[PDB]
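Everything below, folded, please.
(one chain, ligands or ions: 2)
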Amino acid sequence: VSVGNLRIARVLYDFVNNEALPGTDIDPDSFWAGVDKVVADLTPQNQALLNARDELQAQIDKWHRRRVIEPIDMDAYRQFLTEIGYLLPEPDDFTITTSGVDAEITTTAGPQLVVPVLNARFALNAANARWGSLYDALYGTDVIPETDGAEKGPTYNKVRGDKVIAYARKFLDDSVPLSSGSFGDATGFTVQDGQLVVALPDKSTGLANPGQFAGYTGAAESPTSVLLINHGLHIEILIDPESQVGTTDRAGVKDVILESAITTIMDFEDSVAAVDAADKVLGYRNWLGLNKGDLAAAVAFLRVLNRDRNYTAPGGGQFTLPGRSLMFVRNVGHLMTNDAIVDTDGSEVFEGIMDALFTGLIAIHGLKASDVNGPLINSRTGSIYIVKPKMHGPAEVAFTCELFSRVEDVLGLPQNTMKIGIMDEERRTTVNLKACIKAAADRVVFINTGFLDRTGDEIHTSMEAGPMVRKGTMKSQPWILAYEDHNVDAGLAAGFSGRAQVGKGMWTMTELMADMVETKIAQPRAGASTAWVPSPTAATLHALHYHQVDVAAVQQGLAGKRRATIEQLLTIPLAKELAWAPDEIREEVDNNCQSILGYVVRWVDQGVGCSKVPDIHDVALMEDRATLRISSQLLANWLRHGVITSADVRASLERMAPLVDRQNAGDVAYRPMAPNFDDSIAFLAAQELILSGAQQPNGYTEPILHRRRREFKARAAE
Ligand SMILES: CC(C)(COP(=O)(O)OP(=O)(O)OC[C@H]1O[C@@H](n2cnc3c(N)ncnc32)[C@H](O)[C@@H]1OP(=O)(O)O)[C@@H](O)C(=O)NCCC(=O)NCCS
Ligand SMILES: [Mg+2]
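Numbers count the residues shown, from 1 in each chain. Ligands and ions are numbered 1, 2, ... in the order given. The coordinates are given below.
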């Protein structure tokens with residue numbers, strides 16, 4: 001479909017004209033005229049920034065190569081990085097001015113959920129994860145141990161159930177305490193004189209803090225639920241003395257509901273596999289339907305978005321809390337182009353520019369509640385939140401800002417409607433973080449330590465230095481501990497408190513929920529106002545940490561400190577005279593090869609961009625591209641310095657591959673790699689990301705995955 005200078009695929013063109021544009025008050029002929037111009041005016045920069053990356057990698061590649069056996073002189077390294085304009089200066093103190101942002105980003109501290117947007121089922125559950133059942137999260141997972149004769153099964157178990165009930169009672173005791181007595185003793189709740197009254201065997205009692213009573217449902221004389229609030233997050237006690245769980249409870253408590261996933265990132269990036277116009281539109285569709293509010297998915301059940309929740313207030317008025325997680329959308333970074341719309345010469349258009357345009361325009365519908373726009377509003381303050389990933393340095397951030405500003409003109413939106421959540425997940429950003437924050441000083445809504453892509457850039461940036469530590473050891477290196485702290489320092493010194501989120505990384509062990517409750521608390525304790533979780537269940541559980549830690553306080557306590565030097569940030573995580581025994585090296589390669597084949601096989605064959613892949617210790621892991629980035633990069637490093645040979649990788653890939661078939665054997669759609677490995681696009685793709693990983697730009701895995709999936713798809717219609 002010829003438009004100005006463009007060949008827009010009809011699948012996109014139809015979608016954008018019929019589905020997306022009506023109701024936006026944007027003239028379809030003008031919209032596409034804006035598109036043409038933006039793409040034209042801004043493609044040079046996009047390539048210029050991308051070229052600037054490759055150059056810097058080569059210079060840094062040169063530098064390490066012409067230096068061996070005489071350990072890194074860290075002052076020459078730092079001077080080198082300044083000479084080439086990698087390590088740009090540090091700007092003067094400032095305060096972000098970003099306005100028009102929702103309370104749930106500026107003020108509320110709680111879990112943030114990230115879901116693949118190509119999956120309507122998970123997306124719906126994600127936006128609905130704002131509110132989650134604490135009973136289901138504890139009963140369903142290993143938080144309540146299955147031992148001591150308390151196993152779960154197809155029939156509800158009292159023994160497990162009472163452990164669940166008890167846990168939650170401790171929680172309520174710990175968070176919204178009774179004046180006197182414990183929740184585990186309650187016999188019923190009432191509301192007298194606009195105050196919560198909790199009946200006990202010995203007395204009746206209010207709350208230690210009457211201001212933690214938020215409201216209720218049903219008759220005051222005997223409510224159906226009681227609504228509480230601690231650290232700005234809501235807790236609901238569901239009452240039904242005639243329920244499966246109710247009749248077993250001293251107060252007839254049915255369930256405790258926690259306000260969990262406050263915000264959700266609807267993901268077009270590492271979570272998903274979209275390599276052409278079709279895929280692209282398919283996820284653009286889901287984003288539109290979330291923003292309209294009408295998105296539905298069949299399961300005899302239809303899954304829709306939750307409506308807002310009504311309550312009676314203490315004094316007696318009716319009010320409304322939001323039923324839905326406030327959505328961001330993660331666009332893709334500055335790297336990839338896409339089939340979707342091409343040049344006359346056949347050059348593809350940058351995917352990132354197109355996301356900004358189509359994702360921006362669609363999000364319009366999520367700011368209003370009309371007939372054309374659909375019933376549910378997302379940002380009640382009038383903002384569009386876009387997570388911008390994999391940015392390298394301040395200039396690339398400024399580019400996103402400029403891109404956003406042109407996408408605002410084209411959409412007729414007021415300037416700065418499009419807010420940017422900034423990933424801190426590339427070295428060049430990490431060492432120039434203050435500068436990145438300044439470049440988006442009027443747009444930024446968060447920073448987040450994407451430790452995973454960050455680990456990826458650490459291996460690739462420093463590819464020629466020598467052998468790296470095994471990936472399990474990365475978590476305790478100088479560079480990563482400084483980067484976490486450094487992120488929080490910079491955010492806080494930019495006045496992020498009350499204005500924007502300081503975000504931390506994802507929990508990848510989806511089955512170790514007992515671990516996550518125990519371990520992840522460290523993030524809020526480190527001052528993170530939000531952090532990333534892999535599921536609504538996880539979100540409900542992470543919620544617990546924000547009831548315990550007072551994040552706002554921790555931020556106040558941390559203000560002004562400087563817990564990281566630039567030497568700590570540039571400390572390269574090298575092996576440095578650590579000789580792994582024969583077994584270890586065979587473990588790392590084996591480990592990494594399973595994680596790769598596990599993820600890539602479902603990527604290239606099934607078009608699935610996020611998967612549960614069990615490792616060589618059989619811990620289920622949530623793998624995506626960032627995890628693939630580490631895995632492949634590390635193996636490349638070990639190859640570049642001959643810890644392994646090319647042959648070593650093959651043999652491991654070859655023995656790991658049949659195993660991933662065994663764990664995938666129950667799938668209807670799955671086609672296995674063994675025994676004929678060389679006639680398997682999947683296998684060959686995994687093999688490319690290792691044997692040619694040293695040559696991918698900044699270690700990114702998109703070039704190969706996109707090309708290999710494009711390949712597979714053609715060899716599927718043919
Ligand atoms: C990999 C994955 C398919 C594994 O699935 P699984 O846990 O083995 O199987 P299920 O999802 O059916 O587990 C049960 C429930 O978990 C929910 N779920 C799991 N991850 C979810 C996610 N992050 N968002 C919303 N719901 C999720 C499902 O909705 C499902 O309930 P349902 O019957 O109502 O659909 C899935 O968890 C996933 O895509 N990863 C999480 C997304 C993510 O965090 N990625 C970000 C990468 S940066
Ligand atoms: Mg990332």
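
Over to residue 285. Which of the three states is it?
Look at residue 285: counting by DSSP: H, G, I helix; E, B strand; the rest coil, its state is helix.

what's the neighbour count on it?
Using other C-beta atoms under 10 Å, residue 285 has 18 other residues around it. Backbone N, C-alpha and C define where each C-beta goes, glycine included.

do the same with residue 76
Residue 76 has 11 neighbours, counted by other C-beta under 10 Å.

Which residue does the stretch 201-350 of the chain have closest to ligand 1?
When scored by C-beta to the nearest ligand atom, the stretch 201-350 of the chain has residue 271 as its residue closest to ligand 1, at 4.4 Å.

Could you give the number of residues near that residue?
When counting by other C-beta under 10 Å, one arrives at 23 neighbours for residue 271.

likewise residue 347?
Residues lying near residue 347 (other C-beta under 10 Å) number 10.

Can you pull the phi/psi pair for it?
Main-chain torsions, residue 347, degrees, to the nearest 10: phi -70, psi 130.

The residue of the stretch 201-350 of the chain closest to ligand 1 contacts residue 116, correct?
Yes. Applying C-beta atoms under 8 Å, one finds residue 271 in contact with residue 116, separated by 3.8 Å.

any shared contact partners between the two?
Common contacts of residue 271 and residue 116 (C-beta atoms under 8 Å, 6 or more residues apart in numbering): 609-610.

Spell out which residues of the protein are next to ligand 1.
114-116, 121-122, 125-126, 270-271, 506, 510, 534-536, 610-612, 622, 624 (C-beta under 6 Å from any ligand atom).

can we see that at 8 Å?
Residues of the chain lying near ligand 1 by C-beta under 8 Å from any ligand atom: 113-116, 119, 121-123, 125-126, 129, 264, 267, 269-271, 299, 303, 452, 506, 510, 532-538, 608, 610-612, 620, 622, 624, 626.

any chance you could map the strands in the stretch 151-300 of the chain?
Under the criterion DSSP state E, counting those that start in this stretch, the stretch 151-300 of the chain carries strands at the ranges 189-192, 195-199, 204-205, 213-217, 225-230, 233-239, 253-259, 263-267, 297-298.

how far away is the residue of the stretch 201-350 of the chain closest to ligand 1 from residue 214?
Distance of residue 271 to residue 214, computed by C-beta to C-beta, to the nearest Å: 34 Å.

what's the neighbour count on residue 212?
Around residue 212 there are 17 residues (other C-beta under 10 Å).

Grab the nearest non-local neighbour of it.
The shortest distance from residue 212 to any non-neighbouring residue, by C-beta to C-beta, 6 or more residues apart in numbering, is to residue 176 (4.6 Å).

Same check on residue 690?
What sits nearest to residue 690 in space, not counting adjacent residues and going by C-beta to C-beta, 6+ apart, is residue 635, at 4.7 Å.

doesn't residue 590 make contact with the one you found?
No. With contact defined as C-beta under 8 Å, residue 635 does not reach residue 590; the gap is 10.8 Å.

Those two: who's more crowded?
A direct count of neighbours by other C-beta under 10 Å for residue 635 and residue 590 places residue 635 higher, at 29 against 18.

so the more buried one sits in a strand?
No. Going by three-state DSSP, the assignment for residue 635 is helix, not a strand.

Against residue 641, how distant is it?
Computed with C-beta to C-beta, the distance linking residue 635 and residue 641 is 12 Å.

Checking residue 690 next. Helix, strand or coil?
helix.

mind listing what it touches?
596, 632, 635-636, 639, 649, 653.

and the residues of the chain next to ligand 1, which of them are in helices?
Among the residues of the chain next to ligand 1, DSSP state H puts 121-123, 125-126, 452, 536-538, 626 in helices.

So which of the residues you listed is the closest to residue 46?
residue 626 (21.8 Å; C-beta to C-beta).

Next one: the closest residue to that closest one other than its chain neighbours relative to residue 56, how far apart?
The shortest distance from residue 626 to any non-neighbouring residue, by C-beta to C-beta, 6+ apart, is to residue 452 (3.7 Å). Distance of residue 452 to residue 56, given as C-beta to C-beta: 22 Å.

Who has more neighbours out of those two?
Neighbour totals were compared for residue 452 and residue 56, and residue 452 leads with 22 against 19 (other C-beta under 10 Å).

these two touch, right, that one and residue 423?
No. Residue 452 is beyond contact range of residue 423, at 10.4 Å (criterion: C-beta under 8 Å).

SS state for the residue nearest to residue 528 when sequence neighbours are not counted?
Take residue 528 and drop its neighbours on the chain: the residue closest to it by C-beta to C-beta, 6+ apart is residue 504, 4.1 Å away. Using three-state DSSP, the structure places residue 504 in strand.

What sits closest to the residue nearest to the spatial centre of the chain if chain neighbours are left out?
In the chain, the centroid-proximal residue (C-alpha atoms, centre = their mean) is residue 114; its distance is 3.9 Å. Spatially, and ignoring its direct neighbours in sequence, residue 114 is nearest to residue 265 (4.4 Å; C-beta to C-beta, 6+ apart).
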